[PDB]
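To keep things clear, I will list the structure first and then write my remarks on it.
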Amino acid sequence: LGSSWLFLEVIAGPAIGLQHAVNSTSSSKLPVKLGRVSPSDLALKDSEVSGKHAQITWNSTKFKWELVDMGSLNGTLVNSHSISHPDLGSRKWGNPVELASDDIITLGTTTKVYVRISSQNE
C-alpha cells in the first residue's frame with residue numbers, strides 16, 4: 001500500500017457504522033464489496049440487498065474511481081442518481097460509475113454510504 005486513499009461510511013442502514021476504505025496501490029484487495037450477507041467488505045444486512053448490491057474498483061491509468069451494481073434489484077444510486085441500476089428487469093451488473101469526494105451511494109431503501117477520497121504523502 002501507499003499511493004492514494006478512499007474512505008466510505010454507512011450513513012443509514014441495518015448496520016450504521018460500517019466504513020470502507022483502500023489505497024490506489026491495492027490490486028486484488030482494492031475492489032470493495034458492499035452487500036447484505038456474504039464475503040462482501042461492508043455488512044449492509046438489509047433485505048433490500050439480497051446478498052450484494054454494489055462495489056468499488058478504480059484505475060490508476062486514468063486515475064478514476066468507479067463502482068458497479070451487482071444484480072441491482074433495489075438499485076444503487078450515486079449522489080442521489082441511479083447511475084448503475086437504470087434497468088430493473090435487466091438486473092444487469094452495470095458499468096462502473098465514477099465516484100467522487102463528498103458523493104453518496106444508496107443501494108436499497110435507505111442504506112446510504114458516504115463517499116470520500118483523500119490522498120496521502122508518504
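Ordering of the C-alpha cells sets the chain letters (A, B, ...), residue numbers begin anew at 1 in every chain, and ligands are numbered from 1 in the order given.
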
Find the residues of range 58-97 of chain A that sit at most 10 Å from range 14-32 of chain A; for each, write down the nearest two atoms and how far apart they are in Å, to one decimal. Count only C-alpha atoms. Sort by chain, then by number going up, and give it as a Markdown table.
```
| residue | atom | partner | partner_atom | distance |
| --- | --- | --- | --- | --- |
| A:58 | CA | A:24 | CA | 7.4 |
| A:59 | CA | A:24 | CA | 7.9 |
| A:60 | CA | A:24 | CA | 6.8 |
| A:63 | CA | A:24 | CA | 8.8 |
| A:64 | CA | A:24 | CA | 9.7 |
| A:65 | CA | A:24 | CA | 9.2 |
| A:66 | CA | A:31 | CA | 9.9 |
| A:67 | CA | A:32 | CA | 8.8 |
```

Any chance you could export the current selection's N, CA, C and O atoms as a CSV table (one decimal), in the first residue's frame?
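Result saved to out06.csv:
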```
chain,number,residue,atom,x,y,z
A,58,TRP,N,-11.2,1.0,-8.8
A,58,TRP,CA,-10.7,2.1,-9.6
A,58,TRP,C,-9.4,1.8,-10.4
A,58,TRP,O,-8.7,0.8,-10.2
A,59,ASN,N,-9.1,2.7,-11.4
A,59,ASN,CA,-7.9,2.6,-12.3
A,59,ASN,C,-6.9,3.7,-12.0
A,59,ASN,O,-7.3,4.9,-12.0
A,60,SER,N,-5.7,3.3,-11.9
A,60,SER,CA,-4.6,4.3,-11.8
A,60,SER,C,-4.0,4.7,-13.1
A,60,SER,O,-3.1,5.5,-13.2
A,63,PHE,N,-6.6,7.4,-13.5
A,63,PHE,CA,-6.9,7.9,-12.2
A,63,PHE,C,-8.4,8.1,-12.0
A,63,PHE,O,-8.9,9.3,-11.9
A,64,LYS,N,-9.1,7.1,-12.0
A,64,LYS,CA,-10.6,7.1,-11.9
A,64,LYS,C,-11.1,6.0,-11.0
A,64,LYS,O,-10.5,5.0,-10.9
A,65,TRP,N,-12.1,6.4,-10.2
A,65,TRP,CA,-12.7,5.5,-9.2
A,65,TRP,C,-14.2,5.3,-9.6
A,65,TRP,O,-15.0,6.2,-9.6
A,66,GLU,N,-14.5,4.0,-9.9
A,66,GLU,CA,-15.9,3.7,-10.3
A,66,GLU,C,-16.4,2.5,-9.6
A,66,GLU,O,-15.7,1.5,-9.3
A,67,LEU,N,-17.7,2.6,-9.3
A,67,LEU,CA,-18.5,1.5,-8.7
A,67,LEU,C,-19.4,0.8,-9.6
A,67,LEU,O,-19.9,1.4,-10.6
```

With the cut-off set at 8 Å and counting only C-alpha atoms, tabulate each residue of range 27-77 of chain A with an atom at most that distance from an atom of range 98-121 of chain A, showing the nearest atom pair and its distance in Å to one decimal, ordered by chain and increasing number, as JSON lines.
```
{"residue": "A:44", "atom": "CA", "partner": "A:111", "partner_atom": "CA", "distance": 7.4}
{"residue": "A:46", "atom": "CA", "partner": "A:111", "partner_atom": "CA", "distance": 7.6}
{"residue": "A:48", "atom": "CA", "partner": "A:108", "partner_atom": "CA", "distance": 5.0}
{"residue": "A:49", "atom": "CA", "partner": "A:108", "partner_atom": "CA", "distance": 6.4}
{"residue": "A:53", "atom": "CA", "partner": "A:107", "partner_atom": "CA", "distance": 5.8}
{"residue": "A:54", "atom": "CA", "partner": "A:107", "partner_atom": "CA", "distance": 6.9}
{"residue": "A:64", "atom": "CA", "partner": "A:98", "partner_atom": "CA", "distance": 6.5}
{"residue": "A:65", "atom": "CA", "partner": "A:98", "partner_atom": "CA", "distance": 5.0}
{"residue": "A:66", "atom": "CA", "partner": "A:98", "partner_atom": "CA", "distance": 3.7}
{"residue": "A:67", "atom": "CA", "partner": "A:98", "partner_atom": "CA", "distance": 6.3}
{"residue": "A:72", "atom": "CA", "partner": "A:107", "partner_atom": "CA", "distance": 7.7}
{"residue": "A:74", "atom": "CA", "partner": "A:108", "partner_atom": "CA", "distance": 5.1}
{"residue": "A:75", "atom": "CA", "partner": "A:107", "partner_atom": "CA", "distance": 5.5}
{"residue": "A:76", "atom": "CA", "partner": "A:107", "partner_atom": "CA", "distance": 4.0}
{"residue": "A:77", "atom": "CA", "partner": "A:106", "partner_atom": "CA", "distance": 5.1}
```

With C-alpha atoms retained, write the just-selected residues as a PDB file, in the first residue's frame.
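Result went into again20.pdb, see below:
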```
ATOM      1  CA  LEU A  44     -25.333  -3.960   4.951  1.00  0.00           C
ATOM      2  CA  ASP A  46     -30.653  -5.006   4.668  1.00  0.00           C
ATOM      3  CA  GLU A  48     -33.038  -4.685   0.066  1.00  0.00           C
ATOM      4  CA  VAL A  49     -29.663  -6.189  -0.843  1.00  0.00           C
ATOM      5  CA  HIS A  53     -25.797  -4.574  -4.227  1.00  0.00           C
ATOM      6  CA  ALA A  54     -22.666  -2.773  -5.398  1.00  0.00           C
ATOM      7  CA  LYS A  64     -10.578   7.118 -11.910  1.00  0.00           C
ATOM      8  CA  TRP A  65     -12.718   5.511  -9.234  1.00  0.00           C
ATOM      9  CA  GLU A  66     -15.878   3.716 -10.296  1.00  0.00           C
ATOM     10  CA  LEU A  67     -18.451   1.488  -8.659  1.00  0.00           C
ATOM     11  CA  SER A  72     -29.079  -4.153  -8.607  1.00  0.00           C
ATOM     12  CA  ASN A  74     -33.275  -2.399  -5.476  1.00  0.00           C
ATOM     13  CA  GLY A  75     -30.667  -0.400  -7.330  1.00  0.00           C
ATOM     14  CA  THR A  76     -27.589   1.639  -6.400  1.00  0.00           C
ATOM     15  CA  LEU A  77     -27.965   5.422  -6.733  1.00  0.00           C
TER      16      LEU A  77
END
```

Hey, which of A:71, A:62, A:57, A:5 ends up closest to residue 89 in chain A? Count only C-alpha atoms.
A:71

Filtered DSSP result for range 3-122 of chain A, state strand (DSSP E or B), as a PyMOL selection string:
chain A and resi 4-10+19-22+32-35+42-43+52-59+64-69+77-78+81-82+97-98+103-106+112-119

Find the distance between CA of residue 92 in chain A and CA of residue 39 in chain A and write it in Å to one decimal.
20.6 Å
